[PDB]
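Q:
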Amino acid sequence: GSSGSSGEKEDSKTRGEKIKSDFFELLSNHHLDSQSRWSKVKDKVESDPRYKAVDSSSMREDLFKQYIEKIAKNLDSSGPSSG
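All the letters of the sequence shown, read from the start, carry residue numbers 77 to 159 under the numbering used here.
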């Protein structure tokens, strides 16, 4: 991303932080797959009120794309992750 910021502030003026966390949670919960399609994830997440929280579209495509991008590419596997 481009927008930078230290730590995390939970103010009323801007409560995007929490909104961001919720977004990821949902997507991930939908067992995202490399062949993930925004149109699909959207038609599936739409049913959820959390998806309504995000007003800015850019955040949706960007965020969603970000997560998916990581999946497709070599997944971060390290530690006891493997059993």
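Positions of the beta carbon are idealized from the N, C-alpha and C atoms, including for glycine.
Using a threshold of 8 Å, is the CB atom of residue 88 nearer than that to any non-hydrogen atom of the ligand MG?
A: Among the ligands in the structure shown, none appear at all, so the ligand MG cannot be discussed.
Q: For residue 138 and residue 95, what's the separation of their Cα atoms in angstroms?
A: For this step, residue 138 is matched to residue 62 along the sequence shown. For this step, residue 95 is matched to residue 19 along the sequence shown. For residue 138 and residue 95, the distance between alpha carbons rounds to 14 Å.
Q: Give me the Cα-Cα distance between residue 120 and residue 145, rounded to the nearest whole angstrom.
A: Position 44 of the sequence shown, counted from the start, is the residue given in the question as residue 120. Position 69 of the sequence shown, counted from the start, is the residue given in the question as residue 145. Between residue 120 and residue 145, the C-alpha separation is close to 19 Å.
Q: Where residue 149 and residue 108 are concerned, what is the direct C-alpha to C-alpha distance, given to the nearest angstrom?
A: As a first step, residue 149 must be located in the sequence shown, where it is residue number 73. As a first step, residue 108 must be located in the sequence shown, where it is residue number 32. If I take the Cα positions, the gap works out to 13 Å.
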